[PDB]
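Engineer: PDB, C-alpha atoms and all ligand atoms, file structure-v8.pdb:
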```pdb
ATOM      1  CA  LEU A  12       4.432  19.178  17.707  1.00  0.00           C
ATOM      2  CA  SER A  13       6.011  20.670  14.579  1.00  0.00           C
ATOM      3  CA  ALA A  14       5.402  24.343  13.535  1.00  0.00           C
ATOM      4  CA  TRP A  15       6.190  25.720  10.015  1.00  0.00           C
ATOM      5  CA  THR A  16       5.836  29.432   9.085  1.00  0.00           C
ATOM      6  CA  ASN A  17       5.544  30.753   5.486  1.00  0.00           C
ATOM      7  CA  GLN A  18       6.769  34.005   3.893  1.00  0.00           C
ATOM      8  CA  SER A  19       3.410  35.736   4.787  1.00  0.00           C
ATOM      9  CA  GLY A  20       3.752  34.876   8.533  1.00  0.00           C
ATOM     10  CA  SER A  21       1.117  32.066   8.465  1.00  0.00           C
ATOM     11  CA  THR A  22       1.893  28.982  10.578  1.00  0.00           C
ATOM     12  CA  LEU A  23       1.079  25.290  10.039  1.00  0.00           C
ATOM     13  CA  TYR A  24       0.921  23.501  13.466  1.00  0.00           C
ATOM     14  CA  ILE A  25       1.369  19.766  12.846  1.00  0.00           C
ATOM     15  CA  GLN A  26      -0.173  17.790  15.726  1.00  0.00           C
ATOM     16  CA  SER A  27       0.464  14.317  14.252  1.00  0.00           C
ATOM     17  CA  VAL A  28       1.627  12.270  11.302  1.00  0.00           C
ATOM     18  CA  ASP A  29       0.333   8.657  11.577  1.00  0.00           C
ATOM     19  CA  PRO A  30       2.458   5.730  10.346  1.00  0.00           C
ATOM     20  CA  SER A  31      -0.115   5.705   7.457  1.00  0.00           C
ATOM     21  CA  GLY A  32       1.069   9.226   6.493  1.00  0.00           C
ATOM     22  CA  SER A  33      -2.189  10.821   7.754  1.00  0.00           C
ATOM     23  CA  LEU A  34      -1.418  14.429   8.866  1.00  0.00           C
ATOM     24  CA  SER A  35      -3.609  16.354  11.368  1.00  0.00           C
ATOM     25  CA  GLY A  36      -3.039  19.877  12.615  1.00  0.00           C
ATOM     26  CA  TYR A  37      -4.136  23.461  12.607  1.00  0.00           C
ATOM     27  CA  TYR A  38      -3.244  26.558  10.745  1.00  0.00           C
ATOM     28  CA  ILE A  39      -3.169  30.198  11.677  1.00  0.00           C
ATOM     29  CA  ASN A  40      -3.406  32.468   8.631  1.00  0.00           C
ATOM     30  CA  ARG A  41      -1.523  35.817   8.928  1.00  0.00           C
ATOM     31  CA  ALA A  42      -1.464  36.695   5.165  1.00  0.00           C
ATOM     32  CA  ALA A  43      -2.257  40.424   4.546  1.00  0.00           C
ATOM     33  CA  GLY A  44      -5.532  41.077   2.719  1.00  0.00           C
ATOM     34  CA  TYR A  45      -7.156  37.717   3.593  1.00  0.00           C
ATOM     35  CA  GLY A  46      -9.995  36.999   6.004  1.00  0.00           C
ATOM     36  CA  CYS A  47      -9.812  34.351   8.751  1.00  0.00           C
ATOM     37  CA  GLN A  48      -6.538  35.632  10.277  1.00  0.00           C
ATOM     38  CA  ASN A  49      -4.948  35.028  13.760  1.00  0.00           C
ATOM     39  CA  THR A  50      -7.280  32.069  14.666  1.00  0.00           C
ATOM     40  CA  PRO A  51      -6.870  28.325  14.363  1.00  0.00           C
ATOM     41  CA  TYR A  52      -8.342  26.391  11.368  1.00  0.00           C
ATOM     42  CA  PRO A  53      -8.172  22.622  11.015  1.00  0.00           C
ATOM     43  CA  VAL A  54      -5.640  20.807   8.740  1.00  0.00           C
ATOM     44  CA  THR A  55      -5.824  17.339   7.193  1.00  0.00           C
ATOM     45  CA  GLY A  56      -3.411  15.877   4.661  1.00  0.00           C
ATOM     46  CA  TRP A  57      -0.735  13.325   3.718  1.00  0.00           C
ATOM     47  CA  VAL A  58       3.015  12.958   4.131  1.00  0.00           C
ATOM     48  CA  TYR A  59       4.782  10.498   1.871  1.00  0.00           C
ATOM     49  CA  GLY A  60       8.525  10.692   2.314  1.00  0.00           C
ATOM     50  CA  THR A  61       9.369  14.355   1.489  1.00  0.00           C
ATOM     51  CA  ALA A  62       6.039  14.865  -0.381  1.00  0.00           C
ATOM     52  CA  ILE A  63       3.183  16.573   1.482  1.00  0.00           C
ATOM     53  CA  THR A  64      -0.376  17.750   0.846  1.00  0.00           C
ATOM     54  CA  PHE A  65      -2.468  19.544   3.427  1.00  0.00           C
ATOM     55  CA  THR A  66      -5.748  21.386   3.307  1.00  0.00           C
ATOM     56  CA  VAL A  67      -7.484  23.911   5.571  1.00  0.00           C
ATOM     57  CA  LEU A  68     -11.251  24.505   6.013  1.00  0.00           C
ATOM     58  CA  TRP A  69     -11.757  28.303   6.634  1.00  0.00           C
ATOM     59  CA  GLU A  70     -14.436  27.957   9.348  1.00  0.00           C
ATOM     60  CA  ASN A  71     -13.870  27.839  13.119  1.00  0.00           C
ATOM     61  CA  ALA A  72     -15.724  29.055  16.252  1.00  0.00           C
ATOM     62  CA  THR A  73     -15.272  32.749  15.491  1.00  0.00           C
ATOM     63  CA  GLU A  74     -14.814  33.441  11.734  1.00  0.00           C
ATOM     64  CA  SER A  75     -15.821  31.850   8.413  1.00  0.00           C
ATOM     65  CA  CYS A  76     -14.550  32.709   4.916  1.00  0.00           C
ATOM     66  CA  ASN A  77     -16.709  30.263   2.918  1.00  0.00           C
ATOM     67  CA  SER A  78     -13.610  28.637   1.353  1.00  0.00           C
ATOM     68  CA  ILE A  79     -11.000  25.878   1.484  1.00  0.00           C
ATOM     69  CA  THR A  80      -7.273  25.867   0.620  1.00  0.00           C
ATOM     70  CA  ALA A  81      -5.223  22.842  -0.528  1.00  0.00           C
ATOM     71  CA  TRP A  82      -1.403  22.917  -0.544  1.00  0.00           C
ATOM     72  CA  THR A  83       0.682  20.497  -2.625  1.00  0.00           C
ATOM     73  CA  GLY A  84       4.438  20.606  -2.012  1.00  0.00           C
ATOM     74  CA  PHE A  85       7.622  18.971  -0.883  1.00  0.00           C
ATOM     75  CA  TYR A  86      10.310  19.244   1.762  1.00  0.00           C
ATOM     76  CA  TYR A  87      13.832  20.007   0.565  1.00  0.00           C
ATOM     77  CA  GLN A  88      16.775  21.955   2.060  1.00  0.00           C
ATOM     78  CA  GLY A  89      15.056  23.103   5.247  1.00  0.00           C
ATOM     79  CA  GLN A  90      11.798  24.286   3.693  1.00  0.00           C
ATOM     80  CA  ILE A  91       8.427  23.032   2.445  1.00  0.00           C
ATOM     81  CA  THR A  92       7.898  24.496  -1.025  1.00  0.00           C
ATOM     82  CA  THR A  93       4.158  24.425  -1.885  1.00  0.00           C
ATOM     83  CA  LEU A  94       1.636  25.409  -4.560  1.00  0.00           C
ATOM     84  CA  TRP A  95      -1.809  26.176  -3.137  1.00  0.00           C
ATOM     85  CA  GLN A  96      -5.297  26.406  -4.604  1.00  0.00           C
ATOM     86  CA  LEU A  97      -8.178  28.191  -2.756  1.00  0.00           C
ATOM     87  CA  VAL A  98     -11.809  27.485  -3.692  1.00  0.00           C
ATOM     88  CA  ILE A  99     -14.824  29.573  -2.625  1.00  0.00           C
ATOM     89  CA  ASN A 100     -18.241  27.990  -1.737  1.00  0.00           C
ATOM     90  CA  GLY A 101     -20.770  28.701  -4.535  1.00  0.00           C
ATOM     91  CA  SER A 102     -18.108  28.971  -7.307  1.00  0.00           C
ATOM     92  CA  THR A 103     -19.223  28.205 -10.923  1.00  0.00           C
ATOM     93  CA  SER A 104     -15.819  28.298 -12.794  1.00  0.00           C
ATOM     94  CA  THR A 105     -12.211  27.043 -12.143  1.00  0.00           C
ATOM     95  CA  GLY A 106     -11.507  30.676 -13.191  1.00  0.00           C
ATOM     96  CA  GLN A 107     -12.538  31.609  -9.588  1.00  0.00           C
ATOM     97  CA  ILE A 108      -9.996  29.217  -7.924  1.00  0.00           C
ATOM     98  CA  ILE A 109      -7.159  31.385  -6.487  1.00  0.00           C
ATOM     99  CA  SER A 110      -3.574  30.040  -6.515  1.00  0.00           C
ATOM    100  CA  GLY A 111      -0.091  30.868  -5.292  1.00  0.00           C
ATOM    101  CA  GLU A 112       3.178  29.603  -3.810  1.00  0.00           C
ATOM    102  CA  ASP A 113       4.006  29.362  -0.105  1.00  0.00           C
ATOM    103  CA  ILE A 114       7.443  28.540   1.303  1.00  0.00           C
ATOM    104  CA  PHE A 115       7.336  27.170   4.928  1.00  0.00           C
ATOM    105  CA  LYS A 116      10.343  27.025   7.294  1.00  0.00           C
ATOM    106  CA  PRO A 117      10.648  25.538  10.785  1.00  0.00           C
ATOM    107  CA  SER A 118       9.411  27.996  13.463  1.00  0.00           C
TER     108      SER A 118
ATOM    109  CA  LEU B  12     -22.539   5.958   0.110  1.00  0.00           C
ATOM    110  CA  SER B  13     -21.403   8.676  -2.471  1.00  0.00           C
ATOM    111  CA  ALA B  14     -19.316   7.791  -5.605  1.00  0.00           C
ATOM    112  CA  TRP B  15     -18.055  10.199  -8.296  1.00  0.00           C
ATOM    113  CA  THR B  16     -16.365   9.131 -11.585  1.00  0.00           C
ATOM    114  CA  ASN B  17     -14.257  11.494 -13.708  1.00  0.00           C
ATOM    115  CA  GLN B  18     -13.712  11.789 -17.489  1.00  0.00           C
ATOM    116  CA  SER B  19     -10.747   9.284 -17.136  1.00  0.00           C
ATOM    117  CA  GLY B  20     -13.028   6.628 -15.438  1.00  0.00           C
ATOM    118  CA  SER B  21     -11.411   7.122 -11.937  1.00  0.00           C
ATOM    119  CA  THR B  22     -13.817   7.012  -8.987  1.00  0.00           C
ATOM    120  CA  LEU B  23     -13.881   8.953  -5.688  1.00  0.00           C
ATOM    121  CA  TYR B  24     -15.792   6.918  -3.046  1.00  0.00           C
ATOM    122  CA  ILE B  25     -16.851   9.323  -0.245  1.00  0.00           C
ATOM    123  CA  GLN B  26     -17.511   7.004   2.747  1.00  0.00           C
ATOM    124  CA  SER B  27     -18.332   9.926   5.151  1.00  0.00           C
ATOM    125  CA  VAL B  28     -18.445  13.738   5.677  1.00  0.00           C
ATOM    126  CA  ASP B  29     -18.426  14.601   9.458  1.00  0.00           C
ATOM    127  CA  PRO B  30     -20.528  17.591  10.710  1.00  0.00           C
ATOM    128  CA  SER B  31     -17.083  19.384  10.860  1.00  0.00           C
ATOM    129  CA  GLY B  32     -16.982  18.979   7.004  1.00  0.00           C
ATOM    130  CA  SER B  33     -14.136  16.360   7.307  1.00  0.00           C
ATOM    131  CA  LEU B  34     -14.223  13.957   4.285  1.00  0.00           C
ATOM    132  CA  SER B  35     -13.013  10.338   4.404  1.00  0.00           C
ATOM    133  CA  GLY B  36     -13.084   7.655   1.721  1.00  0.00           C
ATOM    134  CA  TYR B  37     -11.082   6.026  -1.047  1.00  0.00           C
ATOM    135  CA  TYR B  38     -10.210   6.514  -4.688  1.00  0.00           C
ATOM    136  CA  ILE B  39      -9.734   4.051  -7.564  1.00  0.00           C
ATOM    137  CA  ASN B  40      -7.526   5.514 -10.306  1.00  0.00           C
ATOM    138  CA  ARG B  41      -8.375   4.304 -13.883  1.00  0.00           C
ATOM    139  CA  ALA B  42      -6.477   7.086 -15.723  1.00  0.00           C
ATOM    140  CA  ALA B  43      -4.524   5.639 -18.725  1.00  0.00           C
ATOM    141  CA  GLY B  44      -0.724   6.154 -18.437  1.00  0.00           C
ATOM    142  CA  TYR B  45      -0.634   6.525 -14.607  1.00  0.00           C
ATOM    143  CA  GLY B  46       0.386   3.956 -12.065  1.00  0.00           C
ATOM    144  CA  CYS B  47      -1.662   2.774  -9.103  1.00  0.00           C
ATOM    145  CA  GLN B  48      -4.653   1.659 -11.233  1.00  0.00           C
ATOM    146  CA  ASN B  49      -7.727  -0.408 -10.137  1.00  0.00           C
ATOM    147  CA  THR B  50      -7.066  -0.520  -6.333  1.00  0.00           C
ATOM    148  CA  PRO B  51      -8.414   1.692  -3.532  1.00  0.00           C
ATOM    149  CA  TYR B  52      -6.201   4.516  -2.160  1.00  0.00           C
ATOM    150  CA  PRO B  53      -7.104   6.583   0.896  1.00  0.00           C
ATOM    151  CA  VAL B  54      -8.807   9.997   0.720  1.00  0.00           C
ATOM    152  CA  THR B  55      -8.972  12.875   3.213  1.00  0.00           C
ATOM    153  CA  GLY B  56     -10.358  16.363   2.675  1.00  0.00           C
ATOM    154  CA  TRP B  57     -12.949  19.027   3.468  1.00  0.00           C
ATOM    155  CA  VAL B  58     -16.369  19.978   2.233  1.00  0.00           C
ATOM    156  CA  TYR B  59     -17.645  23.551   2.775  1.00  0.00           C
ATOM    157  CA  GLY B  60     -20.972  24.200   1.097  1.00  0.00           C
ATOM    158  CA  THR B  61     -20.301  23.406  -2.604  1.00  0.00           C
ATOM    159  CA  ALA B  62     -16.514  23.753  -2.149  1.00  0.00           C
ATOM    160  CA  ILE B  63     -14.468  20.555  -1.792  1.00  0.00           C
ATOM    161  CA  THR B  64     -10.837  19.546  -1.402  1.00  0.00           C
ATOM    162  CA  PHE B  65      -9.598  15.979  -1.305  1.00  0.00           C
ATOM    163  CA  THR B  66      -6.204  14.374  -1.465  1.00  0.00           C
ATOM    164  CA  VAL B  67      -5.109  10.775  -2.177  1.00  0.00           C
ATOM    165  CA  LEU B  68      -1.897   9.116  -0.944  1.00  0.00           C
ATOM    166  CA  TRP B  69      -0.724   6.731  -3.773  1.00  0.00           C
ATOM    167  CA  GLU B  70       0.369   4.047  -1.321  1.00  0.00           C
ATOM    168  CA  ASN B  71      -1.492   0.861  -0.478  1.00  0.00           C
ATOM    169  CA  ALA B  72      -0.647  -2.832   0.105  1.00  0.00           C
ATOM    170  CA  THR B  73      -1.150  -3.586  -3.654  1.00  0.00           C
ATOM    171  CA  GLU B  74       0.957  -0.874  -5.393  1.00  0.00           C
ATOM    172  CA  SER B  75       2.787   2.332  -4.436  1.00  0.00           C
ATOM    173  CA  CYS B  76       3.648   5.327  -6.642  1.00  0.00           C
ATOM    174  CA  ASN B  77       5.613   7.550  -4.151  1.00  0.00           C
ATOM    175  CA  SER B  78       3.279  10.476  -4.841  1.00  0.00           C
ATOM    176  CA  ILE B  79       0.269  12.445  -3.553  1.00  0.00           C
ATOM    177  CA  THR B  80      -2.553  14.188  -5.429  1.00  0.00           C
ATOM    178  CA  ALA B  81      -4.632  17.112  -4.127  1.00  0.00           C
ATOM    179  CA  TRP B  82      -7.862  18.160  -5.824  1.00  0.00           C
ATOM    180  CA  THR B  83      -9.525  21.552  -5.292  1.00  0.00           C
ATOM    181  CA  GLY B  84     -12.973  22.198  -6.739  1.00  0.00           C
ATOM    182  CA  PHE B  85     -16.682  22.771  -6.416  1.00  0.00           C
ATOM    183  CA  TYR B  86     -19.999  21.058  -6.954  1.00  0.00           C
ATOM    184  CA  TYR B  87     -22.028  22.746  -9.721  1.00  0.00           C
ATOM    185  CA  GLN B  88     -24.908  21.590 -11.974  1.00  0.00           C
ATOM    186  CA  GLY B  89     -24.674  18.025 -10.762  1.00  0.00           C
ATOM    187  CA  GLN B  90     -20.882  17.552 -11.211  1.00  0.00           C
ATOM    188  CA  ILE B  91     -17.696  18.230  -9.240  1.00  0.00           C
ATOM    189  CA  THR B  92     -15.198  20.424 -11.240  1.00  0.00           C
ATOM    190  CA  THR B  93     -11.625  20.179  -9.948  1.00  0.00           C
ATOM    191  CA  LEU B  94      -8.081  21.289 -10.509  1.00  0.00           C
ATOM    192  CA  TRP B  95      -5.485  18.827  -9.197  1.00  0.00           C
ATOM    193  CA  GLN B  96      -1.739  18.877  -8.318  1.00  0.00           C
ATOM    194  CA  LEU B  97       0.390  15.701  -8.083  1.00  0.00           C
ATOM    195  CA  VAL B  98       3.687  15.807  -6.184  1.00  0.00           C
ATOM    196  CA  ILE B  99       6.297  12.936  -6.031  1.00  0.00           C
ATOM    197  CA  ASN B 100       8.388  11.977  -3.021  1.00  0.00           C
ATOM    198  CA  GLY B 101      11.961  13.400  -3.306  1.00  0.00           C
ATOM    199  CA  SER B 102      10.950  16.349  -5.563  1.00  0.00           C
ATOM    200  CA  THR B 103      13.353  19.302  -5.589  1.00  0.00           C
ATOM    201  CA  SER B 104      11.459  21.770  -7.841  1.00  0.00           C
ATOM    202  CA  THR B 105       7.858  22.995  -8.275  1.00  0.00           C
ATOM    203  CA  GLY B 106       8.627  22.242 -11.919  1.00  0.00           C
ATOM    204  CA  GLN B 107       8.175  18.449 -11.119  1.00  0.00           C
ATOM    205  CA  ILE B 108       4.603  18.908  -9.823  1.00  0.00           C
ATOM    206  CA  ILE B 109       2.060  17.752 -12.433  1.00  0.00           C
ATOM    207  CA  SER B 110      -1.338  19.418 -12.765  1.00  0.00           C
ATOM    208  CA  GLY B 111      -4.603  18.821 -14.537  1.00  0.00           C
ATOM    209  CA  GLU B 112      -8.385  19.231 -14.437  1.00  0.00           C
ATOM    210  CA  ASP B 113     -10.902  16.470 -13.488  1.00  0.00           C
ATOM    211  CA  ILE B 114     -14.693  16.637 -13.818  1.00  0.00           C
ATOM    212  CA  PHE B 115     -16.643  14.071 -11.674  1.00  0.00           C
ATOM    213  CA  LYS B 116     -20.266  12.864 -12.232  1.00  0.00           C
ATOM    214  CA  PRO B 117     -22.232  10.739  -9.698  1.00  0.00           C
ATOM    215  CA  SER B 118     -21.848   6.983 -10.425  1.00  0.00           C
TER     216      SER B 118
HETATM  217  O1  LIG A 201      -9.419  34.374   2.702  1.00  0.00           O
HETATM  218  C1  LIG A 201      -9.892  33.255   2.809  1.00  0.00           C
HETATM  219  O2  LIG A 201     -10.708  32.805   1.936  1.00  0.00           O
HETATM  220  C2  LIG A 201      -9.387  32.506   4.029  1.00  0.00           C
HETATM  221  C3  LIG A 201      -7.856  32.690   4.282  1.00  0.00           C
HETATM  222  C4  LIG A 201      -6.939  32.280   3.167  1.00  0.00           C
HETATM  223  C5  LIG A 201      -5.434  32.303   3.461  1.00  0.00           C
HETATM  224  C6  LIG A 201      -4.633  32.013   2.214  1.00  0.00           C
HETATM  225  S1  LIG A 201      -4.495  30.265   2.001  1.00  0.00           S
HETATM  226  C7  LIG A 201      -3.099  30.460   0.764  1.00  0.00           C
HETATM  227  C8  LIG A 201      -2.313  31.620   1.281  1.00  0.00           C
HETATM  228  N1  LIG A 201      -1.383  31.122   2.275  1.00  0.00           N
HETATM  229  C9  LIG A 201      -1.448  31.706   3.517  1.00  0.00           C
HETATM  230  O3  LIG A 201      -0.630  31.606   4.541  1.00  0.00           O
HETATM  231  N2  LIG A 201      -2.504  32.489   3.440  1.00  0.00           N
HETATM  232  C10 LIG A 201      -3.210  32.482   2.157  1.00  0.00           C
HETATM  233  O1  LIG A 202       0.818   7.941 -11.085  1.00  0.00           O
HETATM  234  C1  LIG A 202       0.921   8.258  -9.947  1.00  0.00           C
HETATM  235  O2  LIG A 202       1.837   9.026  -9.492  1.00  0.00           O
HETATM  236  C2  LIG A 202      -0.196   7.670  -9.162  1.00  0.00           C
HETATM  237  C3  LIG A 202      -1.629   7.984  -9.655  1.00  0.00           C
HETATM  238  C4  LIG A 202      -1.872   9.364 -10.137  1.00  0.00           C
HETATM  239  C5  LIG A 202      -3.267   9.413 -10.825  1.00  0.00           C
HETATM  240  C6  LIG A 202      -3.748  10.811 -11.283  1.00  0.00           C
HETATM  241  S1  LIG A 202      -4.345  11.799  -9.873  1.00  0.00           S
HETATM  242  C7  LIG A 202      -4.793  13.094 -11.016  1.00  0.00           C
HETATM  243  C8  LIG A 202      -5.454  12.343 -12.209  1.00  0.00           C
HETATM  244  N1  LIG A 202      -6.866  12.098 -12.004  1.00  0.00           N
HETATM  245  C9  LIG A 202      -7.122  10.740 -12.039  1.00  0.00           C
HETATM  246  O3  LIG A 202      -8.200  10.193 -12.111  1.00  0.00           O
HETATM  247  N2  LIG A 202      -5.979  10.035 -12.119  1.00  0.00           N
HETATM  248  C10 LIG A 202      -4.836  10.955 -12.324  1.00  0.00           C
HETATM  249 NA    NA A 203       8.411  14.958   7.494  1.00  0.00          NA
END
```
Would you mind writing the file's structure down as structure tokens?

Structural biologist:
Amino acid sequence: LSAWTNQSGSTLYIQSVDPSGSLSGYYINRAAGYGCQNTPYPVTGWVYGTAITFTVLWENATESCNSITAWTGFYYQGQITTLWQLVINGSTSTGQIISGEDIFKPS
Amino acid sequence: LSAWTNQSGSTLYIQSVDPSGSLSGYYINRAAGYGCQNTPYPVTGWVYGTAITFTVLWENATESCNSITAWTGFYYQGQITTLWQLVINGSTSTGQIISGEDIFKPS
């Protein structure tokens, strides 16, 4: 399996990419100031050539953060460049969706 | 068993949400000016309370658009409000990602 670590120290663990492009994996968040660190969270998404999307549900056996992240990005020159959006359960405005950029490199 | 149509007339068909919150279904794009109209594309994502992510691979046996869209949003007052990001195979810049807002009502 295929591990990718971003600038914050978080790691995407890719367990499979189906011939359909269906991606399955887990994620360990290590980003300072966020909840749900150091423990595995499930990943689903798509790979289409060098394009990728993947999303993480922030609940597991031990810690919940009432939120989901979706990454949209692309593989080029040894890195996956992504834009992410994080939505909190019970939100009432797109104003409350949090966003940023993660760069992932092989680890 | 759960269909949602946006302001552009596109429809998200949620076929199942697992107890894990894993979403599966298909999507029929009817958004003027885009490719991959009128035929079902596959959906994966997560539901967490009122929070939802889903992502469509724009590949099927009928037409392919070499792209992926990821939606991030929430259910509120009977509609799903979403921000989306569309990435194209072979992209080299975050500048080439396209973004928008979709609002879905039950259909
Ligand atoms: O705090 C939460 O609501 C759960 C953890 C969120 C981690 C975010 S997801 C986008 C960014 N990328 C990371 O590697 N960590 C943060
Ligand atoms: O044109 C492509 O690259 C394939 C289809 C993209 C359709 C987009 S996804 C975001 C927006 N919401 C829709 O209902 N359709 C467009
Ligand atoms: Na790949």

Engineer: I need the output of the PyMOL selection byres ((chain B) within 10 of (chain A and not hetatm)) for this file as JSON, numbers by chain; which residues are they?

Structural biologist: {"B": [31, 32, 33, 34, 53, 54, 55, 56, 57, 58, 59, 60, 61, 62, 63, 64, 65, 66, 67, 68, 69, 70, 71, 77, 78, 79, 80, 81, 82, 83, 84, 85, 86, 87, 88, 92, 93, 94, 95, 96, 97, 98, 99, 100, 101, 102, 103, 104, 105, 108, 112]}

Engineer: With C-alpha atoms kept, could you save the residues just selected as a PDB file, in the frame of the given file?

Structural biologist:
```pdb
ATOM      1  CA  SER B  31     -17.083  19.384  10.860  1.00  0.00           C
ATOM      2  CA  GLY B  32     -16.982  18.979   7.004  1.00  0.00           C
ATOM      3  CA  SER B  33     -14.136  16.360   7.307  1.00  0.00           C
ATOM      4  CA  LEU B  34     -14.223  13.957   4.285  1.00  0.00           C
ATOM      5  CA  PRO B  53      -7.104   6.583   0.896  1.00  0.00           C
ATOM      6  CA  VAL B  54      -8.807   9.997   0.720  1.00  0.00           C
ATOM      7  CA  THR B  55      -8.972  12.875   3.213  1.00  0.00           C
ATOM      8  CA  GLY B  56     -10.358  16.363   2.675  1.00  0.00           C
ATOM      9  CA  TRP B  57     -12.949  19.027   3.468  1.00  0.00           C
ATOM     10  CA  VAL B  58     -16.369  19.978   2.233  1.00  0.00           C
ATOM     11  CA  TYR B  59     -17.645  23.551   2.775  1.00  0.00           C
ATOM     12  CA  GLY B  60     -20.972  24.200   1.097  1.00  0.00           C
ATOM     13  CA  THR B  61     -20.301  23.406  -2.604  1.00  0.00           C
ATOM     14  CA  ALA B  62     -16.514  23.753  -2.149  1.00  0.00           C
ATOM     15  CA  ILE B  63     -14.468  20.555  -1.792  1.00  0.00           C
ATOM     16  CA  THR B  64     -10.837  19.546  -1.402  1.00  0.00           C
ATOM     17  CA  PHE B  65      -9.598  15.979  -1.305  1.00  0.00           C
ATOM     18  CA  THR B  66      -6.204  14.374  -1.465  1.00  0.00           C
ATOM     19  CA  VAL B  67      -5.109  10.775  -2.177  1.00  0.00           C
ATOM     20  CA  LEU B  68      -1.897   9.116  -0.944  1.00  0.00           C
ATOM     21  CA  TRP B  69      -0.724   6.731  -3.773  1.00  0.00           C
ATOM     22  CA  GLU B  70       0.369   4.047  -1.321  1.00  0.00           C
ATOM     23  CA  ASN B  71      -1.492   0.861  -0.478  1.00  0.00           C
ATOM     24  CA  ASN B  77       5.613   7.550  -4.151  1.00  0.00           C
ATOM     25  CA  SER B  78       3.279  10.476  -4.841  1.00  0.00           C
ATOM     26  CA  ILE B  79       0.269  12.445  -3.553  1.00  0.00           C
ATOM     27  CA  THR B  80      -2.553  14.188  -5.429  1.00  0.00           C
ATOM     28  CA  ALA B  81      -4.632  17.112  -4.127  1.00  0.00           C
ATOM     29  CA  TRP B  82      -7.862  18.160  -5.824  1.00  0.00           C
ATOM     30  CA  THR B  83      -9.525  21.552  -5.292  1.00  0.00           C
ATOM     31  CA  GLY B  84     -12.973  22.198  -6.739  1.00  0.00           C
ATOM     32  CA  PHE B  85     -16.682  22.771  -6.416  1.00  0.00           C
ATOM     33  CA  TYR B  86     -19.999  21.058  -6.954  1.00  0.00           C
ATOM     34  CA  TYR B  87     -22.028  22.746  -9.721  1.00  0.00           C
ATOM     35  CA  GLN B  88     -24.908  21.590 -11.974  1.00  0.00           C
ATOM     36  CA  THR B  92     -15.198  20.424 -11.240  1.00  0.00           C
ATOM     37  CA  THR B  93     -11.625  20.179  -9.948  1.00  0.00           C
ATOM     38  CA  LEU B  94      -8.081  21.289 -10.509  1.00  0.00           C
ATOM     39  CA  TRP B  95      -5.485  18.827  -9.197  1.00  0.00           C
ATOM     40  CA  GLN B  96      -1.739  18.877  -8.318  1.00  0.00           C
ATOM     41  CA  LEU B  97       0.390  15.701  -8.083  1.00  0.00           C
ATOM     42  CA  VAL B  98       3.687  15.807  -6.184  1.00  0.00           C
ATOM     43  CA  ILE B  99       6.297  12.936  -6.031  1.00  0.00           C
ATOM     44  CA  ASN B 100       8.388  11.977  -3.021  1.00  0.00           C
ATOM     45  CA  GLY B 101      11.961  13.400  -3.306  1.00  0.00           C
ATOM     46  CA  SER B 102      10.950  16.349  -5.563  1.00  0.00           C
ATOM     47  CA  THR B 103      13.353  19.302  -5.589  1.00  0.00           C
ATOM     48  CA  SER B 104      11.459  21.770  -7.841  1.00  0.00           C
ATOM     49  CA  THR B 105       7.858  22.995  -8.275  1.00  0.00           C
ATOM     50  CA  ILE B 108       4.603  18.908  -9.823  1.00  0.00           C
ATOM     51  CA  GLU B 112      -8.385  19.231 -14.437  1.00  0.00           C
TER      52      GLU B 112
END
```

Engineer: Evaluated on this file, the PyMOL selection byres (((chain B and resi 116) around 9) and not hetatm) picks out some residues - which ones are they, written as a ChimeraX atom specification?

Structural biologist: /B:14-18,89-91,114-115,117-118

Engineer: Please return the centre and edge lengths, in Å to one decimal, of a box with edges along x, y and z that contains all listed atoms of ligand LIG 201 (chain A), widened by 3 Å on every side, as JSON.

Structural biologist:
```
{"center_x": -5.7, "center_y": 32.3, "center_z": 2.7, "size_x": 16.1, "size_y": 10.1, "size_z": 9.8}
```

Engineer: Given the file shown, enumerate the residues that the PyMOL selection byres (((chain A and resi 26) around 9) and not hetatm) captures and present them as JSON, numbers by chain.

Structural biologist: {"A": [12, 13, 14, 24, 25, 27, 28, 34, 35, 36, 37]}

Engineer: Using all atoms listed in the file, find the one residue out of A:111, A:30, A:51, A:106 that sits nearest to ligand LIG 201 (chain A).

Structural biologist: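 Ranked by minimum distance to ligand LIG 201 (chain A), first place goes to A:111.
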
Engineer: Please indicate the distance in Å from atom CA of residue A:44 to atom CA of residue B:110, rounded to one decimal place.

Structural biologist: 27.0 Å

Engineer: What separation in Å, quoted to one decimal, exists between atom CA of residue A:42 and atom CA of residue A:23?

Structural biologist: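 Interatomic distance, atom CA of residue A:42 to atom CA of residue A:23: 12.7 Å.
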
Engineer: Record the distance separating atom CA of residue B:19 and atom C3 of ligand LIG 202 (chain A), expressed in Å with one decimal.

Structural biologist: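 Computed distance, atom CA of residue B:19 to atom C3 of ligand LIG 202 (chain A), equals 11.9 Å.
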
Engineer: Have a look at A:39, A:46, A:109, A:74 and name the one nearest to ligand LIG 201 (chain A); count only C-alpha atoms and all ligand atoms.

Structural biologist: A:46
